[PDB]
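A.B. asks: need coordinates for the following:
(chains A, B, C, D and E, ligands or ions: 1)
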Amino acid sequence: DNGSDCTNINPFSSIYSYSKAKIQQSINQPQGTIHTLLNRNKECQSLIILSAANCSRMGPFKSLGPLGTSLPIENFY
Amino acid sequence: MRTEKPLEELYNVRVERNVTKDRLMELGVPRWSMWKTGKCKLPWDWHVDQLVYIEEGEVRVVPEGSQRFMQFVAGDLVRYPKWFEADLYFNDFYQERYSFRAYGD
Amino acid sequence: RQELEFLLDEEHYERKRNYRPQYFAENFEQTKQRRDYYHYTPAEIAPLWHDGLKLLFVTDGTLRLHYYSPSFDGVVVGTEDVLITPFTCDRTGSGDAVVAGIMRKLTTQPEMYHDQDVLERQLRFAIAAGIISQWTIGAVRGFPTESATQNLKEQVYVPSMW
Amino acid sequence: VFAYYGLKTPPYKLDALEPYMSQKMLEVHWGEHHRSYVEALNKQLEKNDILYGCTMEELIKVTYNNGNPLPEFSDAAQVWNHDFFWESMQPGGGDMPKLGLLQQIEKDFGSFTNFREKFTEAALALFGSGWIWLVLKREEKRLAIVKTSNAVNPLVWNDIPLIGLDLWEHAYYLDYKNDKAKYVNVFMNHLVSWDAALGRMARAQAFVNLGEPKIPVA
Amino acid sequence: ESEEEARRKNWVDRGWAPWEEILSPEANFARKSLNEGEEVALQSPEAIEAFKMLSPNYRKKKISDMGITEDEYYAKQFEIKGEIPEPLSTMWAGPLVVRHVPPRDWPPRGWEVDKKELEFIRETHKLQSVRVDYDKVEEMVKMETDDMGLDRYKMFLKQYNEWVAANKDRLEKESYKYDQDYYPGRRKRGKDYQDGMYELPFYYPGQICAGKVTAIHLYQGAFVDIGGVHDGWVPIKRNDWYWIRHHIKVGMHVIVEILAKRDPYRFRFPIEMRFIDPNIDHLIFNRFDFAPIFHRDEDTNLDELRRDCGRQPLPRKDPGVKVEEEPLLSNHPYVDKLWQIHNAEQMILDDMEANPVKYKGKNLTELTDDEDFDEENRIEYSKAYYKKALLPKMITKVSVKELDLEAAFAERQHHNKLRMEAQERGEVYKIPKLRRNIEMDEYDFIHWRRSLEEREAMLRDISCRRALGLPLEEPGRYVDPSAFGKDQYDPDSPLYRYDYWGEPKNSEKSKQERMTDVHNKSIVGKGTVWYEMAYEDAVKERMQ
Ligand SMILES: [Fe+3]
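C.D. replies: Numbering: from 1, shown residues only, chains lettered A, B, ... in the order given. Pasting the structure now:
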């Protein structure tokens, strides 16, 4: 009767290969940056999901590269 | 992803393919134990190392909660790590030569 | 709208209406997560234009009426308040009233071709007619009159609109 | 083929510590014991190219593998370990710490005499070969004295080391046959380097802040 | 506690910071007017000033009274109050002597090059162990060029140039496929990509690089452009930007040191660096414990993600049992698969012996029982079986393709011929064992020997690890004995279950009655049991 166990699909069958495309990219997740709480560190730590619905952007508002690697120094003192 | 991170090194399962017999007799492969099984499923949790020298068939190892497996042809020497939780899926006749080794050789 | 998308491209617009910004909201109005009333640019309708064409209407249906002329574009806003009468709540004929209102205003007002404000003030009439035509079971049974549509236009919009 | 292929000669000469550690003994420890380690580390890195392109501090942690060390962990750890040791000793002697390190020792271990007592106790309490370390814990922001196994270094627990001693016998057998407490006392009295420890603590202060913030009045 | 102590605590743990909070005039008047009272005359000077500043002409006259431009007032609105720190100075320790060394991890996974060139390139790693005396450096300064030896480095460059021209399009396609929106730290694409940018393999931890600050995030940190396709990240948390913002500004040319390089697929910021020229190591108190990662849709197993990123394992409940103080395992997985086919072969042989008409006319070597056998439909479960009680049932479609009836036929035809003559001899014959049972016993024996060898190795492994100071159990998995908590506990003492109150030992449901009924029906009599022993003891007494 239990059918929710999709993970029990034999990898040798074509159904396992078809499930990769049948199951689209999961978007049920809140899709945001996980922002931890420093104040809630002592108690049960909670999480704030910052996403596009909480942040906005203000449009108008109106050489370079590696030099080298330091060599070891003889006079470590 | 174009995976350049295989499960043989993600999980520390060192596999030597097409091993030469001189190193085998140097380790002591023929003077080991035996294990035979057909088509079965063996959930096993490791407590020590295990040098498996497969002899006859094929074994597909599936770690816990994973959907990708690693395949071992009949000519490989596999070293299963400690604290490994997997599900060995067998399909046909299988024989091996194992020797559990503690910390050190 | 569905016909225009089916003619131009269906999957393209279906993917555009599901852009899903992940880091920030660029337009500063996508944070509210409202419906997508996409105004098609005049370059997207270019493969459908010709010399003899005078006006075009996208007609989302009692909500938005995108009008395209060879000199200007625009959009009018609607109401869609069919939930005020749940027991009748029949929208069998709604585009017919809009087309009738557009034809009436075109036959009466000749300035709708070379003016943008007049065009909006006249399309609000068709919008009001289509809104009234959804509160009666049956298309021929619930077609409104001119006085009722003008009353709805004066009661919904602000005096500066009409 | 080989990275880290260098004995990394100590800052001082092999005869700089002659009154306390004979020039022969140093020659053996550095010349033979250490050199060998490097050679084997190069031979092991030639085989595995994935672990070749990794820094020392990262190679040690990736070869420790959280309790189940890879076959090349012991060797690389030793090479690093030895390097730290040579530099953890200076020509002349070490009398007392300086401005910052002495204050931190007084704050953590109470006093410098208690610190020396605990260091000697931890050095003599170790059994077998191993190393003793004076490290700086990140999450705790304090100095601690940890004793480890044969080749394990405090880099496996994300702790910055400052001073280390080799308790492996190879180090002391030639001049101090079996008086290991003597060897410790000599290393703590006339062979400890506090300038190097202070410099390493200054370097570590870029990763762990030892101080109090400036709180505005608002 | 005291106000000062409280503010200190907040700064240390919660992260309070007295920000500017730029306000409107209408609000400034509200904040500076509600302090006096209500419908009362405004006596404070700042309240009267805020009341007068509610008129636009008053503000446009006051801005001209002090002689400030229209933009000057708007710039002065967004001004940082409080004590401003002193301008920091750059005190260089000593000469900087460097040397261009190719990265140790230059060849990516999947790119094959000639071995001799890679050997000559890697040869330079040996020369890095030599020491240089910094003080005498000035003495050996040579201004004449065209004498420097950089063949190795040049060789690296040659290889690099090839690799970028080989894989630029592939990297750009992957960036467009896996990354949707651009963010500081991702691959520069589209109009932001100019030819000549150093790609990610070029860099390596330990290199000092000069760049400019192009982004400043409150929660993440600063972002420095080092002239490459991927930006650099300096971790600065939320609360430190109250003092660091006076020393780090967008567009400032800074000198940084790369300390780690990571994979851009998993990690958000592949290059993390520290500041050298604007040394601010005395103002960073909050730090990142683990590098940020991407929780994508492809990774479904959390263990693979944990092993790829390098974080601790997922904690589990702490088992009270010991791995050494527990019995062995003596059950082989093939036992069931061999038992079922053995019973099937026995039943088929019995059915063929019962009805010889069906067995006649067909060769016993090959018997085609069913030609519609399917491996996919071999497992059939039907819960409709209610012959004795409502319970589920399963059906197994055994295939006769692998049934070894060859030896079974001979064994049965040899055993029945002897049991019949034993019955005729006035004796009862009980067959001790069969070949299939012997094979199952051999499988059980080899599995038991495997388990015995495993525990024999474990008994030595525990000892040595304990002796040398190594963890016996994986650190980070069984750390919490019962920190995970508040679960209903069956036990009464936790109070998650009832305990007698005023002698309330009564228990809801838990009817022993239903059980009593099945016992009572069969054996109602409350007689005293005479013989009582286990089934194994019964077999022992029977065989004895
Ligand atoms: Fe040593």
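A.B. asks: so residue E:227 touches residue E:202, yeah?
C.D. replies: No: applying Cβ atoms under 8 Å, one finds residue E:227 not in contact with residue E:202, separated by 10.0 Å. Where you see a C-beta, it was placed from the backbone N, CA and C, and this is true even at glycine.
A.B. asks: between those two, who's got more neighbours?
C.D. replies: residue E:202 (23 against 16; other Cβ atoms under 10 Å in any protein chain shown).
A.B. asks: what's that one sitting at in phi/psi?
C.D. replies: phi -60, psi -40 (degrees, to the nearest 10).
A.B. asks: show me the residues around it that make contact.
C.D. replies: By Cβ atoms under 8 Å, 6 or more residues apart in numbering or on different chains, residue E:202 lies in contact with A:66, E:103, E:160, E:228.
A.B. asks: check residue E:373 too.
C.D. replies: Taking Cβ under 8 Å, 6+ apart, one finds E:397, E:399, E:400, E:401 in contact with residue E:373.
A.B. asks: again with residue B:102
C.D. replies: B:48, B:49, E:457, E:458, E:460, E:461, E:464.
A.B. asks: make sure it is indeed in a strand.
C.D. replies: No: assessed with DSSP: H, G, I helix; E, B strand; the rest coil, residue B:102 is coil; it does not lie in a strand.
A.B. asks: residue E:467 versus that one, what's the distance?
C.D. replies: Taking Cβ to Cβ, to the nearest Å as the measure, residue B:102 falls 11 Å from residue E:467.
A.B. asks: how many residues are close by residue E:462?
C.D. replies: 19.
A.B. asks: ok, back up a step: can I get the contacts of residue E:373 in JSON lines including neighbour count and secondary structure?
C.D. replies: As requested, the contacts of residue E:373 are exported to JSON lines (neighbours: other Cβ atoms under 10 Å in any protein chain shown; DSSP: H, G, I helix; E, B strand; the rest coil):
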{"residue": "E:397", "neighbour count": "13", "secondary structure": "coil"}
{"residue": "E:399", "neighbour count": "14", "secondary structure": "coil"}
{"residue": "E:400", "neighbour count": "16", "secondary structure": "coil"}
{"residue": "E:401", "neighbour count": "10", "secondary structure": "coil"}
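A.B. asks: hang on, the earlier thing: looking at the contacts of residue B:102, which are in helices?
C.D. replies: E:457, E:458, E:460, E:461, E:464 (DSSP state H).
A.B. asks: from these, which is closest to chain A?
C.D. replies: Nearest to chain A among the ones in helices among the contacts of residue B:102 is residue E:458, at 30.8 Å by Cβ to the nearest Cβ.
A.B. asks: which residues sit in contact with that closest one?
C.D. replies: Applying Cβ under 8 Å, 6+ apart, the residues near residue E:458 are B:47, B:48, B:100, B:102, E:323, E:324.
A.B. asks: same question for residue D:28.
C.D. replies: Residue D:28 touches D:170, D:174, counting by Cβ under 8 Å, 6+ apart.
A.B. asks: my assumption is that it lies in a helix; please confirm.
C.D. replies: Yes: checked against three-state DSSP, residue D:28 lies within a helix.
A.B. asks: residue D:150 versus that one, what's the distance?
C.D. replies: 19 Å.
A.B. asks: buried ones in stretch E:427-446?
C.D. replies: E:436, E:440, E:443, E:444, E:446 (16 or more other Cβ atoms under 10 Å in any protein chain shown).
A.B. asks: for residue E:207, which residues are in contact?
C.D. replies: Contacts of residue E:207 by Cβ under 8 Å, 6+ apart are A:66, A:67, A:68, A:69, E:257, E:258.
A.B. asks: can you count the residues close to residue B:6?
C.D. replies: 13.
A.B. asks: quick one, helices of the stretch 351-500 of chain E?
C.D. replies: E:356-359, E:405-424, E:435-468 (DSSP state H, counting those that start in this stretch).
A.B. asks: let me know the angle separating the longest one from helix E:405-424.
C.D. replies: It refers to helix E:435-468. Using axes from the mean of the first three to the mean of the last three Cα atoms, to 10 degrees, the inter-axis angle of helix E:435-468 relative to helix E:405-424 is 110 degrees.
A.B. asks: show me what from chain E comes close to chain B.
C.D. replies: E:109-110, E:174, E:178, E:265, E:298, E:300-304, E:307-308, E:323, E:332-334, E:337, E:443, E:446-447, E:449-450, E:453-458, E:460-461, E:464-465, E:468, E:470, E:473-474 (Cβ under 8 Å from any Cβ of the partner chain).
A.B. asks: just the buried residues from the contacts of residue E:458, in PyMOL please.
C.D. replies: To isolate the buried ones among the contacts of residue E:458 in PyMOL, judged by 16+ other Cβ under 10 Å, type:
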select buried, chain B and resi 47+48+100+102
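A.B. asks: quick one: secondary structure of the residue nearest in space to the middle of chain B?
C.D. replies: Taking Cα atoms, centre = their mean, the centroid of chain B lies closest to residue B:78, which sits 3.9 Å from it. Recorded secondary structure, residue B:78: strand (three-state DSSP).
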